[PDB]
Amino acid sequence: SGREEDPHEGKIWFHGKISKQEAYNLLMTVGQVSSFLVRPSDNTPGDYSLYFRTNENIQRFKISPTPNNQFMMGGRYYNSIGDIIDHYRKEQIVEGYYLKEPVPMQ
C-alpha cells in the first residue's frame, strides 16, 4: 500500500474513515445492543472515541494515549485499546452492560 496506517487499522472494531453520524447509524443498523466501535477523535488529535450501544442510546467514551505507550479511559490505564475492550467484555462499562459484538469496519 505504501501507507503508514493508524496502529489500529485492520482491527475489526476500528473505523478510521467514518463520521460520527455514520457511527450512530451503523450501531443502530448493523449493530445490536451492546455493540461497539472505535473512531479517531474528531476534536482532540491523537485521541480515540469508543461508541457503545445501550438499550436506549449510544454512549461515547474518550481514550487518550499517555507519553509511554499506554491508553487512559475512565481514569484507568491500559497497554492497548484491545486491552480496554478485553476489560469491558468482563467488567461492566455502563451499569447493566458489557461490551459484546464489534461493528465490523464496512
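Start at 1 and count along the sequence shown; that's the residue number.
> Got a sec? Mean C-alpha B-factor, which is higher, 97-105 or 1-9?
Looking at the recorded C-alpha B-factors, 1-9 comes out higher on average.
> Test of understanding: from the entry's C-alpha B-factors, which stretch has the higher mean, 47-55 or 66-74?
Between 47-55 and 66-74, it is 66-74.
> Check the PDB entry and point out which of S41, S80, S35, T29 has the largest C-alpha temperature factor.
Highest C-alpha B-factor among the listed options: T29.
> Check where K17 lands among this chain's C-alpha B-factors and tell me if it's the lowest, middle or highest third.
Ranked within chain, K17 CA B lands in the highest tercile.
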